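Below: one structure, written as structure tokens.
There are 2 protein chains.
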Amino acid sequence: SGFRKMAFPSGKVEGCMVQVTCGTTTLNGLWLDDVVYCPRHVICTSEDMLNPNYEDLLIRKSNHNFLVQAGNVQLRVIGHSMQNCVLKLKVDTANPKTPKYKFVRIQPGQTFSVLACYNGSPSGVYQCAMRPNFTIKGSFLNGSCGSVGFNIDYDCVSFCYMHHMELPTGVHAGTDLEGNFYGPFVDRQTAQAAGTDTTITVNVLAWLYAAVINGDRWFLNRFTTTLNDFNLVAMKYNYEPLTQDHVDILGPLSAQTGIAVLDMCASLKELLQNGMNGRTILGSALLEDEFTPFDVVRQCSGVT
Amino acid sequence: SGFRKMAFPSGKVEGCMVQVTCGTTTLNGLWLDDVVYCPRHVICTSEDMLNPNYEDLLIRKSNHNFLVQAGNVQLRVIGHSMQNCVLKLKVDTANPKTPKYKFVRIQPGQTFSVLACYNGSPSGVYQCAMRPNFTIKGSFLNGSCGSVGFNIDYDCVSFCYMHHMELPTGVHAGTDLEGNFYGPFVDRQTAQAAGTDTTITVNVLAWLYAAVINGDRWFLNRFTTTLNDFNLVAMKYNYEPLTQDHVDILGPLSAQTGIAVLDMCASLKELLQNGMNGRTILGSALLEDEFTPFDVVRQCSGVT
Ligand SMILES: COC(=O)Nc1sc(C)nc1-c1ccccc1
Ligand SMILES: COC(=O)Nc1sc(C)nc1-c1ccccc1
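Residue numbers (the UniProt record's numbering), protein chains in the order written: chain W, 3264 to 3567; chain F, 3264 to 3567.
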């Protein structure tokens, strides 16, 4: 019993982190096979970041200008290329700790683990979600760029995020491992305002199922609703519309608990309209939306 | 910027987890040098757990009855002994992945990372605190016993917790790595009620400093207090008494922010008396008490 905000074990990713320095800029790189992936803004000064022309800045860089250090051992850079907003540094040594991996581009509402790193050295691991406005709410200081987000399926690491930017509002933006930003964000120090940070409704419902499984049941009520009626309330409270696809995804949790999805929606509707009245659910005083239905199943079944 | 409930990177501990089976009971063991540490209740049936005589049960066990598997490779058990509530299984092979380590016995209010494991296989990592009633609020299913709690100082793992028990109230009890339970708990399936789960005041104050550093400032007020006056309010709200030792420990955060500890206590007093009024601090609607002053400094400075 018990339900915690749980990250994936980070060892397989720790074995991939390196330091990348270009001139006076040091950040983190991801070493998989004989390629090191890092943000392309490693080539910028903070002055450059105001209005960078990355193709023009990169012309002034040679392989020997990219200093790549794995622990206290230097890697030899034998090529470099820019792909969207990432640099690929070809090294002469395959990472011996390369896990089975994939690059995936996640959808808003999906969760992942971040291995926060500085100078190629892991500092901490925590669980994130891709927000509906394509930001993440991370914990990133100067030097953390190139830290990555990932999911693990048994022995396969699916890398989905690389950290690039903090918005003036202190939320975070980054790319997939093909170097395409999530959302509209760019690797330029300019006005970038985030849109509405809506609540991920299917994730709140998953978490309420988690709560019932783990014995927190006070919020269950005598009511039901419909998707359309629920969605009128979701809209008012800046929750994402619930779709039949979401209802289908919650089927296993419905089955396990015997609480119909629309009955849990009626519980959530009352919690939105009435608040918590100073009560808590799984140790939270607000409705948690950074567990997916798959997260709740995995944690509630003990998947390794 | 940003402040997250962050666990230590878990790789150094992942490299130590093994499966231990005795008869029909499988749980996790910690392999350091040529010793495997596990809960002594590995020798019990669930029937046994009602009234176990561990010395008598252990007489019926031989080295060859303790099946220890590290990944898919079997370890040879060449001795066993009981130390308090843990078994030490002497194996013929030193763990090649043994990190620098220590065994530490933590104080209530101290935080640590848990690597939840099943059948010797890591499932997840999360951050815990030792509660003032010597329970922890974990996420542990059947098979998770022998999962461990730890802190990392650069390259040294300080192991402080091994999981043994879930109380009928769904909170968790365990031992240090010498096999001594935290608090009054025993490895018997019997009536064990936890005492008051008081709030760790010094940790709440650390977290309010974290909030100010990361730009959440609405709760700062025009007031101050004294330790004695604050403590009258702490008592009423089932907060731990704040001591001068705690004030001293918060000195660096006071210095960094320029907010005197007693001024932050007056902010906390008002939050206790007035509640949050539907507002949030670092994404929480309640006062978070599972970050220590050292955690806040570490996360706010990017220690690796
Ligand atoms: C467009 O630039 C390159 O292809 N540069 C070179 S030269 C070399 C010997 N390898 C690369 C290379 C290969 C894979 C990934 C990145 C770089
Ligand atoms: C009290 O029982 C033992 O000392 N048993 C044996 S016999 C052996 C060859 N080693 C041990 C041993 C050594 C260290 C840790 C646990 C066991």
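Beta carbons: idealized from backbone N, C-alpha and C, even for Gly.
Practice task
Excluding the 5 residues preceding and the 5 following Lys3324 (chain W) in the sequence, name in chain order all residues of the same chain whose CB lies nearer than 8 Å to its CB.
Solution key: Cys3285, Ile3306 and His3343
Handout entry: C-beta contact flag for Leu3505 (chain W) and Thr3462 (chain W) at 9 Å
Key = no
Practice task
Taking C-beta pairs closer than 9 Å, name the residues in chain W that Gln3562 (chain F) reaches, listed in chain order.
Solution key: Within chain W, the residues near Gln3562 (chain F) are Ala3379, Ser3386, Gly3387, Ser3402 and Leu3404.
Problem - Coil, strand or helix - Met3280 (chain F) by DSSP - result: Looking at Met3280 (chain F) - three-state DSSP - the assignment turns out to be strand.
Problem - Whether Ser3376 (chain F) touches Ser3530 (chain F) by CB criterion (9 Å) - result: no
Exercise for the section: Counting only the same chain and skipping the five closest in sequence on each side, list residues whose C-beta sits under 6 Å from that of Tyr3500 (chain F). Expected result: Same-chain partners within the cutoff: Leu3535.
Practice task
Note down, in chain order, all residues in the segment 3318-3331 of chain W with a beta-carbon under 8 Å from any beta-carbon belonging to chain F.
Solution key: If the cut-off is 8 Å between Cβ atoms, the segment 3318-3331 of chain W has nothing near chain F.
Exercise for the section: Give a yes or no on whether the minimum CB-CB distance between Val3434 (chain F) and chain W is below 9 Å. Expected result: yes
Problem - chain F within 9 Å of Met3269 (chain W), Cβ atoms only - result: yes
Practice task
Starting from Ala3548 (chain W), find everything on chain F with Cβ-Cβ shorter than 8 Å and list it in chain order.
Solution key: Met3539, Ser3547, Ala3548 and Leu3549
Handout entry: Any non-hydrogen atom of ligand 1 within 8 Å of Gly3292 (chain W) CB
Key = no
Problem - Residue from W:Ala3392, W:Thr3438 and W:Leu3295 whose Cα sits closest to the Cα of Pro3556 (chain W) - result: W:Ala3392
Handout entry: Chain-order list of residues whose beta-carbon lies under 7 Å from that of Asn3382 (chain F) (same chain, five-residue window excluded)
Key = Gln3282, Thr3289 and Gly3406
Exercise for the section: Could you check how far apart the C-beta atoms of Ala3548 (chain W) and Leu3468 (chain F) are, in whole angstroms? I think they sit under 8 Å. Expected result: Rounded, the Cβ-Cβ distance is 19 Å, inconsistent with contact.
Problem - Beta-carbon neighbours of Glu3429 (chain F), restricted to chain W and to distances below 9 Å - result: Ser3264 and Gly3265
Problem - Whole-angstrom distance between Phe3482 (chain F) and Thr3489 (chain F), CA atom to CA atom - result: Distance from the CA of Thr3489 (chain F) to the CA of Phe3482 (chain F), rounded to the nearest whole angstrom, comes to 18 Å.
Practice task
Return yes when the C-beta of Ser3325 (chain F) is under 8 Å from any heavy atom of ligand 2, and no when it is not.
Solution key: no
Exercise for the section: Determine the chain W residues that contact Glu3277 (chain F) at a beta-carbon separation under 7 Å, and present them in chain order. Expected result: Simply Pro3272 and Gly3274.
Handout entry: Backbone secondary structure at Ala3457 (chain W) - three-state DSSP
Key = coil
Problem - CB contact check: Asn3477 (chain W) to chain F, cutoff 9 Å - result: yes
Exercise for the section: Give the residues from the segment 3447-3479 of chain W that approach chain F closer than 8 Å (Cβ to any Cβ), ordered along the chain. Expected result: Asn3477 and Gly3478
Practice task
Kindly provide the ranges of any alpha helix (DSSP H) runs that are 4 or more residues long and lie completely inside the segment 3482-3512 of chain F, ordered along the chain.
Solution key: 3490-3499 and 3507-3512
Exercise for the section: Specify the secondary structure class of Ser3530 (chain W) as computed by DSSP and reduced to three states. Expected result: helix
Exercise for the section: Give the interface partners of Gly3372 (chain F) over in chain W, defined as CB-CB distance under 9 Å, in chain order. Expected result: Here the premise fails: no neighbours, minimum Cβ distance about 17 Å.
Exercise for the section: Compare the C-beta of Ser3421 (chain W) against all C-beta atoms of chain F and say whether one is closer than 9 Å. Expected result: no
Handout entry: Beta-carbon gap between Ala3270 (chain W) and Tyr3424 (chain W) smaller than 9 Å
Key = no
Problem - Spatial distance of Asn3540 (chain W) from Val3560 (chain F) (CA atoms) - result: 34 Å
Problem - Euclidean distance between Cα positions of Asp3479 (chain F) and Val3299 (chain W) - result: Between the alpha carbons of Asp3479 (chain F) and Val3299 (chain W) lies a distance of about 37 Å.
Handout entry: Where the alpha helix (DSSP H) through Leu3320 (chain W) begins and ends
Key = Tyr3317 to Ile3322
Problem - residue 3579 (chain W), buried or exposed, once every other Cβ within 10 Å from all chains shown has been counted against 16 - result: An answer regarding residue 3579 (chain W) cannot be provided, because it is not within the stretch 3264 to 3567 covered by chain W.
Practice task
Using DSSP bridges, identify the partner residues of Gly3387 (chain F).
Solution key: F:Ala3379
Practice task
Identify whether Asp3418 (chain W) lies in helix, strand or coil by the three-state DSSP scheme.
Solution key: coil
Practice task
Find out if the Cβ-Cβ distance for the pair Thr3398 (chain W), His3435 (chain W) is shorter than 9 Å.
Solution key: Yes, the pair counts as a contact, with Cβ atoms nearer than the cut-off.
Exercise for the section: Sort W:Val3510, W:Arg3368, W:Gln3452 and W:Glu3533 by Cα distance to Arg3485 (chain W) and report the nearest one. Expected result: W:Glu3533
Exercise for the section: Would you verify that the beta carbon of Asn3335 (chain W) is, or is not, closer than 9 Å to some beta carbon of chain F? Expected result: Not a single C-beta of chain F is nearer than 9 Å to the C-beta of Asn3335 (chain W).
Exercise for the section: Return no unless some Cβ of chain W is closer than 9 Å to the Cβ of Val3566 (chain F). Expected result: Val3566 (chain F) counts as touching chain W.
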